[PDB]
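Here's the structure, in structure tokens; my notes come after.
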Amino acid sequence: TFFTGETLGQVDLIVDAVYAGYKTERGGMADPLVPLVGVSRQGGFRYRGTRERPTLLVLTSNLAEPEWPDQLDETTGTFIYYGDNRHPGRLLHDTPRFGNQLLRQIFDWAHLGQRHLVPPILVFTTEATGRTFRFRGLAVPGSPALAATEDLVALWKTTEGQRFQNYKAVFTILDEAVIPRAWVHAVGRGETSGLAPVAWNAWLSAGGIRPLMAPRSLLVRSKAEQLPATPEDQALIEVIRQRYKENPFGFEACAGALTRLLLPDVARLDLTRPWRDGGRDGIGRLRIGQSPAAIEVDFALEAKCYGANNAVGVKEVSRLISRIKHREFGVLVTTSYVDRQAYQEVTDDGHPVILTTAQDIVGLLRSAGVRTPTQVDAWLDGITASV
Amino acid sequence: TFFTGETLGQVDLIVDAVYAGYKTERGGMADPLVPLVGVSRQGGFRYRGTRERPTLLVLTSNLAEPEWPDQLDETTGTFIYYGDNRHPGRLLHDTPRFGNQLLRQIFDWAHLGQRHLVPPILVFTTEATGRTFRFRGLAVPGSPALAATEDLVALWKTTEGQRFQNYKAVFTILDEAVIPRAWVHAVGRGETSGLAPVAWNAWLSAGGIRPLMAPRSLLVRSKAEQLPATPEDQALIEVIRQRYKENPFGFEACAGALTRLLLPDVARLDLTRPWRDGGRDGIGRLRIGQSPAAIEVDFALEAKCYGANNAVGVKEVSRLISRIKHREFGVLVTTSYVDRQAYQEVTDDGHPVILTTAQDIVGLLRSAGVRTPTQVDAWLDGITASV
Amino acid sequence: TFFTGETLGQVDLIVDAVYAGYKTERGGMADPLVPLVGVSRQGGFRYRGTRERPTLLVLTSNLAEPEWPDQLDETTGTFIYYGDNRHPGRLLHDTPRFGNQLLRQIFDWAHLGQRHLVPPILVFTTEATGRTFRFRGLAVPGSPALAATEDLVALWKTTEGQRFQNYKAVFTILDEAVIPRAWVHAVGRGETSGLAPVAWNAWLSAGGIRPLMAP
Amino acid sequence: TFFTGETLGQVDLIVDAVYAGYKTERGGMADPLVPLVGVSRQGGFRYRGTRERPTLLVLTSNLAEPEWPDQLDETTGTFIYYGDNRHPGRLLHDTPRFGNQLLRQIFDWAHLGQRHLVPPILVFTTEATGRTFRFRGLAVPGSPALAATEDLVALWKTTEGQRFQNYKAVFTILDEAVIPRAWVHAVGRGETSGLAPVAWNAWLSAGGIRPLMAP
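Protein chains in written order, with the authors' numbering: chain A, 2 to 388; chain B, 2 to 388; chain D, 2 to 216; chain C, 2 to 216.
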């Protein structure tokens, strides 16, 4: 499932298949989406037809951007895509290539009962070896799990002393393994076609969405994956490790805060509970559902403030495991990584234990708008002062 | 505790205490917020000081508007507040009394690191009997459980073929049982005061939020609470009942969709699993956390399509319970209500069973954007098509 | 209970009986299903005949795989079985031994009323010791508790960064304690036979399923 | 290790001993903690002396309340005890019997190194039937595993849409199997006594918490 040369004028669009460019003349790299789809060679988002009436829309994403965290949830087939107003100075819909206007118009159509105007959305993600793209699926606006009003939202971003709006758009990948290029090019030329995938026609007629849901097989992460890659994030975690060197137990509070960011409530927290080994037995309460229709489940918290050179092993994990006997699950927050043996034991024995490692802390901090050591410091000041 | 009359010029602001207006002349009520707070006579939101530099802000809500569902999450202290652009034809920030510009400015200050410009926000909810307000607390912009960018978002709402933008703001109630009227009036006028509540100063300095979290005690709902009130809603549910009378199973698919709306991932669904009584063992899979740091827990689904005259009783619930062996929890979705004995048997014991009744289905439908029987029919068509 | 060696070429197929492979020199166990039913030596999906006209269908599972949780409900006689595309990189229907194509075809036939095209399906589960199988019964596509659209479904799974598609199939074990090896081998060879168990014939004519339910 | 009647005016307070009964005129059940200790006849918390300077404090708990889960950990000897404001309508420190105020005064005292102002705390748990209590021990405010801010906290609860505040207080049981009734009664009367158990004096001088841990 790797396509490079003239094959791009023949092969269909296959989910998670890789479509690579080729060298033409003098350093010029041919964009594969041109023969594969028929769009232009340029944008991060590309369309056919006019902007007022687009016939087909191609969305590409790097997934390397921490500023605008586009993401494809393989599990639910949900694709989160951020708009094209990425810096201060211009209003929401005023962009050079009009991506926000496009998004607005598409969601307008989808919501107003005119789905026939909505162009097929083809999602691609860059593998970033020269110019290559992995096809992620055919998508529709909205989601079966979201409120109607929350599928296209305008967020306020703050960068270098200024406030500007940008779109966060939610799409759902339809359950289709193969998208006929005949259909793509036909619709792209403005033609009417009967080669439309069943899920697409279904969405057209009824408005309903059949998502491509691909739950992850059991995963054991490596050391590199759990620890930050860049030195900056490493500095970020280091600030945390330094904050609690004089008061280790205090880190639990921090863990708690991180937990509230990670978890679908605001977890209730009881961090002050003397346990048998002289340490504390931190516990939490989580609500599942939406009151009046919801239940509460309890979890045990375990926080290990370690250096990256010191792994979390079988012993540390076994503490938490022993603490989750009468509780639904456990969360383990650590500024380091969990070694092979412990991870393997946890995934294999099916223990309900969340493993939040250093990289995860970095991500959670990113979502909280903390990208710099000073910001980490202020954040920690906030935690210590608020508990 | 209850307060009215001249005492509104003396007593402090107490969480969940009731402040009632008194008859002066016309047969209408003198608004209690004028003597108690010092704000003007009327408003959905009221502020002292200027528009550009408000010294104090009072947010009131009736919690009775289904189209703009302001919400006080008592468990977590989160207050969701909807902006003042509630009809089409006007730009987001262009409103008669400038609520959205005000919210914009407040969150701007909070985000740009200027919290000394942010006025204390006082939250009141209407008791709907005469003109009275229960005081909910002192609030700050934002939440410790949310991403930075999502504390103030612009939603698109659809009305009569038109689409307009409106604000959704997230606030958090600080942990303070009593807010001093001396401090409130001082800041209102306003001058420097040292009477500021500790949590407020804490937020001013470090940016940390110490939320008032008051988990709900064990509750058993009544028949009237579980069932819809207005006849329109009753009609909405009746459409669902009529839709499946020729095919009783397959309402399981509907219950599965509603489940996907109720639950914090998009739950994976396996509805086709022959069970011992000749029926099915519907199960789902739900993710807690954010991958790579997340776990999956499974649940048992039980779908009971009943008329409002037939309660879900001990036996059906028992079927669910039996199906919960070797599973984390269970969800019961029903177009009717659960009788006293069954509800009591569920809450008294430790059964992790979510009870989704008719009113809850009504709510989930509101959030999906379905308020009319035609729309219910379109929705159902979508469900049947998408399974 | 308990058959091995030469007896694998003599005795019938009995539900819950254990058929054990025997040691051969140089390289370990010989598969018991070869002398028993007459299929190929390996695979979790085995068949006789051709792709276009399968004569016999053997399904084996260990019930120990968490990624593909095959299931055997002795209360309803229901057998939930997963397809043979278990690694990323290939489309649902594209498998070396053509298991998914066969499943799709068999279920299509079953749903259309073409029951006479559906080969007998023998279900085995693996046991403790090396290369042994406990026979669970003769089975048919579908379930009395499921509609046609419900008994064969395509599921997705993400291994590494790649999503791939595979089949989840629902079968029902027929109420027959003994399945004649004469019928098995006759049918497998492509011969036409009248030795079919009663429940199978009832399925062929009436379309009705008498499941094997444990008391 | 079971005492009743006249015995309640004789024996000492012993850890794990049960103090029960007893029957009286009409249907009245006499409270054992009255002859045994000298406090009042009821209250989830009872005390002697002024509320401004309490001489002796008795805490009882059934450990049967899910809404206010009082907990006694025998591994660490830790006693988690909830305040006396259990219903909406009153502020945290405004209660009929003034328990939360007492708790606050006690804990602030302990925090300031003013241990000598802290009255002895006797912990009893209710058993099964009738009016009976199991004596769990003599306890001091706080824990060797907790900082000062951590041992007394305010919690919130929502009931009937109304939110109210209550106290979660952590005590630690001192390692003493037997507490002299002479000492208890002497202290309760406000007299100076030198009969205090060694762990209590060690807490007074150093503090210095020697917890009672089950082997």
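Heads up, the beta-carbon is just placed ideally off N, CA and C, and yes, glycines get one too.
Neighbour flag for residue i against chain C, beta carbons, 7 Å
| i | result |
| --- | --- |
| A:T273 | yes |
| B:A178 | yes |
CB contact flag (residue i, residue j, <7 Å)
| i | j | result |
| --- | --- | --- |
| C:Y20 | C:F4 | yes |
| B:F80 | B:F136 | no |
| B:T126 | B:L64 | yes |
| B:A178 | C:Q166 | yes |
| D:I174 | D:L205 | no |
| B:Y307 | B:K224 | no |
| D:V185 | D:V38 | yes |
| A:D382 | B:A111 | no |
| A:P145 | B:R261 | yes |
| B:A155 | A:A155 | yes |
| A:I122 | A:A254 | no |
| B:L272 | B:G279 | no |
| A:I296 | B:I355 | yes |
| B:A343 | B:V315 | yes |
Cβ separation of residue i and residue j, assumed to be a contact under 8 Å, to the nearest whole Å
| i | j | result |
| --- | --- | --- |
| B:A268 | B:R281 | Going by Cβ atoms, the distance from B:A268 to B:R281 rounds to 16 Å, so no, they are not a contact pair. |
| B:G209 | A:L264 | So it is not a contact: roughly 19 Å between Cβ atoms. |
| D:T8 | D:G189 | Actually they do not touch by this definition, with Cβ atoms about 19 Å apart. |
| A:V347 | A:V318 | 6 Å |
| A:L259 | A:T357 | 7 Å |
| D:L139 | D:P216 | Actually they do not touch by this definition, with Cβ atoms about 19 Å apart. |
| B:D350 | B:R328 | That belief does not hold up - the Cβ atoms of B:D350 and B:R328 are roughly 16 Å apart, past 8 Å. |
| B:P275 | D:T77 | 5 Å |
| A:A369 | B:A148 | 7 Å |
| B:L73 | B:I180 | Wrong, their Cβ atoms sit about 16 Å apart, outside the cutoff. |
Min CB distance residue i to chain A below 7 Å
| i | result |
| --- | --- |
| D:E66 | no |
| B:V318 | no |
| C:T25 | no |
| D:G90 | yes |
| B:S337 | no |
| B:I362 | no |
Near the ligand SAM: residue i beta-carbon under 6 Å from a heavy atom
| i | result |
| --- | --- |
| C:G28 | Looking for the ligand SAM in the displayed structure turns up nothing, as the structure carries no ligands at all. |
8 Å Cβ shell around residue i - same chain, five flanking residues per side excluded
| i | result |
| --- | --- |
| B:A170 | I81, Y82, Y83, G84, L104, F108, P142, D152 and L153 |
| C:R54 | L118 |
| D:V40 | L34, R47, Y48, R49, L57, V59 and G189 |
| B:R367 | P67 and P70 |
| A:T133 | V19, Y20, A21, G22, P33 and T127 |
| C:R164 | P89, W157 and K158 |
Own chain partners of residue i with C-beta closer than 7 Å, once the 5 adjacent residues on each side are dropped
| i | result |
| --- | --- |
| D:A183 | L196 |
| A:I238 | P229, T336, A359, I362 and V363 |
| D:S194 | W184, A187 and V188 |
| A:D266 | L287 and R288 |
Neighbourhood of residue i by C-beta, 6 Å cutoff - its chain only, sequence neighbours within 5 removed
| i | result |
| --- | --- |
| A:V371 | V377 and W380 |
| B:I325 | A301 and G331 |
| D:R42 | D32 and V35 |
| B:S62 | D71 and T126 |
Below-7 Å beta-carbon distance, residue i vs any chain D residue
| i | result |
| --- | --- |
| B:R277 | yes |
C-beta neighbour in chain B for residue i, strict 7 Å
| i | result |
| --- | --- |
| C:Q163 | yes |
| C:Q166 | yes |
Check your understanding: What are the residues of the stretch 132-161 of chain C that lie near chain B, defined by any Cβ-Cβ distance shorter than 7 Å?
Key -> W157, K158, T159 and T160
Point to revise | the stretch 208-232 of chain B: positions lying closer than 8 Å to chain C by Cβ | key: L213, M214, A215, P216, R217, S218 and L219
Practice item. Quick one: which residues of the stretch 238-261 of chain B get their C-beta closer than 8 Å to a C-beta of chain A? List them in chain order. Key: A258 and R261
Check your understanding: Which residues, in order along the stretch 277-303 of chain B, keep a beta-carbon less than 8 Å from a beta-carbon of chain D?
Key -> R277, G279, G280 and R281
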